[PDB]
2 protein chains.
Amino acid sequence: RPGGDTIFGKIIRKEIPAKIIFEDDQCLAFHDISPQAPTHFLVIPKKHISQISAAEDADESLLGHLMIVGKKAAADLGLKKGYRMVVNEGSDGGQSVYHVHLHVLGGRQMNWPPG
Amino acid sequence: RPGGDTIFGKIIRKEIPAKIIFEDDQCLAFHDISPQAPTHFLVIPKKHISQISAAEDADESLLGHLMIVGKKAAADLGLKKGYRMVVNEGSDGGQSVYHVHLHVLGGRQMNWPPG
Ligand SMILES: Nc1ncnc2c1ncn2[C@@H]1O[C@H](CO)[C@@H](O)[C@H]1O
Ligand SMILES: Nc1ncnc2c1ncn2[C@@H]1O[C@H](CO)[C@@H](O)[C@H]1O
Ligand code: NA
Ligand code: NA
């Protein structure tokens, strides 16, 4: 129910653990299981929004909260030289789990194009 | 003054044109001059925030507004198969212009890692 039906719903309900680095009442941040950089974590809302194309206007503050949490977590993890934030939408975006998630990657030079 | 001192301040003040695809009172979206995908645009706040690490808690709604605008613009441009949103912070993130900007890329499969 709360948290939705995906892998990430299970993480939000704590049925399966994750390496949690931030939790407040709106969201959770945890290390990614398949890291693509020395630091690679996800920030997810506790509210189930399936994808960024399904977010509503009233979700603006929550979406922005995910980036503010990502900034805080990045600083707690020592990302003094910067980082990249990524949200994937749909097939072309590379989205594999239909629960919004913000990637935060750093600890190395990020290249261009971003995939 | 309003819009700040960077390339993007000049775009916001309209001193130099850009190919604008959305403007409301909070932000502007325009095509990127160096596109990395068939569709590649930027969404920027009109308020000068230098980088995502400098955004404040009260900027949450504005940051989320950038992603909602990006979703709308992507749909207006036909990105039915999805897209990737990217914010770069600092040197490791690949940030070159110190005014927050959200990249939206689509019209091709986006790869992984995201740089
Ligand atoms: N159980 C899990 N814990 C942490 N990250 C996960 C888990 N399952 C999938 N992921 C990550 O979720 C992301 C979905 O975009 C991927 O980068 C993937 O590695
Ligand atoms: N005058 C401009 N109009 C549109 N995009 C620009 C301009 N100058 C730089 N850019 C884009 O700004 C981005 C900064 O991250 C780059 O992808 C770059 O190509
Ligand atoms: Na912090
Ligand atoms: Na639209």
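So you know, we letter chains A, B, ... as the sequences are listed, proteins then strands, and number each from 1. Note that these values count all heavy atoms, side chains included, but never hydrogens, waters or copies made by symmetry.
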What distance separates [X] [atom1] from [Y] [atom2], expressed to the nearest 0.5 Å?
X: B:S61; Y: A:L62; atom1: OG; atom2: CG; value: 10.0 Å
X: A:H65; Y: B:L63; atom1: NE2; atom2: CG; value: 12.0 Å
X: A:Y83; Y: B:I52; atom1: OH; atom2: CD1; value: 6.5 Å
X: B:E89; Y: A:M85; atom1: CD; atom2: CE; value: 8.0 Å
X: B:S53; Y: A:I68; atom1: OG; atom2: CD1; value: 9.5 Å

Flag yes if [X] and [Y] sit in one hydrophobic cluster, no otherwise; membership is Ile, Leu, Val, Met, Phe, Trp, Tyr, and two members link when side-chain heavy atoms are under 4.5 Å apart.
X: A:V69; Y: A:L102; answer: yes
X: B:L28; Y: B:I21; answer: no
X: A:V104; Y: A:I20; answer: no
X: B:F22; Y: A:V87; answer: yes
X: B:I7; Y: B:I12; answer: yes

Measure distances from [X] to the heavy atoms of chain A and classify the residue's part below 4.5 Å as side chain, backbone, both or neither.
X: B:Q95; result: neither
X: B:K72; result: side chain
X: B:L105; result: side chain

Under 4.5 Å from any heavy atom of chain B, what part of A:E56 do you find: side chain, backbone, both or neither? backbone
Considering only heavy atoms and a distance below 4.5 Å, find which of B:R108, B:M67, B:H40 pairs most often with chain A. B:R108
Look at the side chain of A:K71 and the backbone N and O of B:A55, then say whether any donor-acceptor pair between them is shorter than 3.5 Å. yes
When A:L66, A:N111, A:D92 are compared by non-hydrogen pairs under 4.5 Å with chain B, the top option: A:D92
State, yes or no, whether a side-chain contact exists between B:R84 and A:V86 at a heavy-atom distance under 4.5 Å. yes
Between A:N88 and B:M110, does a side-chain contact (heavy atoms from CB on, under 4.5 Å) hold up when you go through it step by step? CA-CA 9 Å; A:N88 295 338; B:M110 302 301 296; over 6 Å; no
